[PDB]
Number of protein chains: 2
Amino acid sequence: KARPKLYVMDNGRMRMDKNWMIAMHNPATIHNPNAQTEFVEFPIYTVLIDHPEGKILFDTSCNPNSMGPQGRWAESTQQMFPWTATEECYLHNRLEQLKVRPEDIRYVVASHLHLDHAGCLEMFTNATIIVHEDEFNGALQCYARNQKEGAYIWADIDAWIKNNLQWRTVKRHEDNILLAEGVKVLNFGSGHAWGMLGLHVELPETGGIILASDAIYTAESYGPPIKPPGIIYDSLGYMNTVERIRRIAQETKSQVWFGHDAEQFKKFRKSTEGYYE
Amino acid sequence: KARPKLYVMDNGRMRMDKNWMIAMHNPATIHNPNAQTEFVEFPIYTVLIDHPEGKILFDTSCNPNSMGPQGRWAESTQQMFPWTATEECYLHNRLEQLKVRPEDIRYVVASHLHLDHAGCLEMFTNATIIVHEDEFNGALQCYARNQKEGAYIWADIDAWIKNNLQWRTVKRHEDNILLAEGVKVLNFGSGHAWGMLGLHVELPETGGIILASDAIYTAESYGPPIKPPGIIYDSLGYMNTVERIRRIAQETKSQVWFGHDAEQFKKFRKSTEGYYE
Ligand SMILES: CCCCCC(=O)N[C@H]1CCOC1=O
Ligand SMILES: CCCCCC(=O)N[C@H]1CCOC1=O
Ligand SMILES: [Co+2]
Ligand SMILES: [Co+2]
Ligand SMILES: [Fe+3]
Ligand SMILES: [Fe+3]
């Protein structure tokens, strides 16, 4: 039986309007007609599965050259979704401390292609990049239409193409994919974005874990009841996905790891302290 | 050839958070982390078609007993979506000034069953009430689960049932319905709410008119580009509906009358000044 080790890697912090994360979280009233929102902070992280069959990476955080005047992100983007991270937080450094080079990664699973998950895809030229086909198509249209604003970074996409990444698209109606012993890719479909992927991992000692990414921002999103994000591509799809994750967790007695939950993240054992067997 | 007269009836004004009407209209930034929304005012109105084949009413505004301590609307609702109207603004009074009694109405078309469109359904006991089946089912579930908050008013629904209204549901996949010479019901389906209906009218002198209701809040919603509302049941469905309306307007050279557009409403000839032939 395979005895993998799973690492949680801290890739810094982001802030944005709380309305993005929880829609109409604090609506104006007759007694508060100019209601104020908040500017909340949350973690960006990635997960490495050191599996005997090969190393698997879930998400890739933000590109190190995202912020600043010479940054890849448009000015309006930087102001609405600012990212802060020290050098040791960069993905390539986190991996380095584990004695892992990018070239050692067999599979990268991209939950979706937003700026905070697909930032460092270009690094893994020796891997197969697993992504939802609808998410891929949508991003490429953004590129082709020369969209310089939004959550799809023109400069990042440019780099993927130039670096000749090897893509494996998950089809709209494609089943879950067994990646390795006790590791399965979940096809969540349209919701938060054009197409979302998750991961289910079964560890001998710790048991089952579901990586939900932005299918579920936080425990507050999860509920119940469900509290959806401010902007959504497919509201119906989003609601269905959350409830599907809940069912899976119950039936397999698995933990659910959210995309950007500050409190949950504090509890994790990170790559600087150890791993999950 | 039939020569109808179409009347626009002013049924008062409402206010709410602008984020309801235009999602993320003013997002927080690093420089404005506690961004403020606004509390915007907009008209509630209904349309009467005095047709030789019979009188047709589109929407019914709010119930006269909605607001106040003894009001049908929950406190939280009254504070988030306050309605103001004088006595002459009440639907029953507007009709009276045209020498029209509720019993004279042959057809009522309910665009949807929100508090500001289905308020006075209970009045028209001599009419056939045309509504989307999915919208009807959803409202009845709110009632059955004893939901006392939200945009579906428990007390309003209660009254419909007690007054023994005569329902004709539009099926999910049912075609447009010819109601009378030059009057057609449009099935928009799920979007803003569970199920939306519109109307297309062809007048000898004025030409074509599309009544969109909450399928399109305002000219700003309409664009292009489309700016969706803060909360939506079916985002995908909503976007599709707007574009469908644009196509119809172009192909038939029809004006589009929005649900709650203050500027457009000012330009209408109201029932106090005349009608459209
Ligand atoms: C459609 C999803 C909302 C678009 C804005 C965005 O990309 N926001 C990031 C921030 C953390 O996770 C997110 O989705
Ligand atoms: C579809 C969610 C409803 C948001 C609150 C609401 O019901 N607002 C009114 C005001 C005019 O049209 C509406 O739907
Ligand atoms: Co995202
Ligand atoms: Co409505
Ligand atoms: Fe994210
Ligand atoms: Fe409305």
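So that the names make sense, note that chain A is the first sequence line, chain B the second, and so on, each numbered from 1. Counting starts at 1 for both ligands and their atoms, following the listed order.
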To 10°, measure the NE2(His192(A))-the Co ion (ligand 3)-NE2(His112(A)) angle for me.
110°
Nearest 10° is fine: what angle sits at the Fe ion (ligand 5) between OD2 from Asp116(A) and NE2 from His117(A)?
90°
Only N/O/S atoms count here: what is the atom of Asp214(A) closest to the Fe ion (ligand 5) called?
OD2
Report yes if some heavy atom in the side chain of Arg168(A) is under 4.5 Å from a heavy atom in the side chain of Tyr107(A); otherwise report no.
no
Report yes or no: does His117(A) have an N/O/S atom closer than 2.8 Å to the Co ion (ligand 3)?
no
Do we see a donor-acceptor contact under 3.5 Å between the side chains of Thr46(A) and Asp59(A)?
no
What angle, to the nearest 10°, do the atoms OD2 (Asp214(B)) and ND1 (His114(B)) form about the Co ion (ligand 4)?
170°
Looking at NZ of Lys171(A) and NE2 of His132(A), how far apart are the two atoms once the value is rounded to the nearest 0.5 Å?
10.0 Å
With a cut-off of 2.8 Å, does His114(A) put an N/O/S atom close enough to the Fe ion (ligand 5)?
no
Aromatic centroids of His192(A) and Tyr217(A) separated by under 6.0 Å
yes
Is a donor on one side and an acceptor on the other found under 3.5 Å between the side chain of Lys18(B) and the backbone of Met16(B)?
no
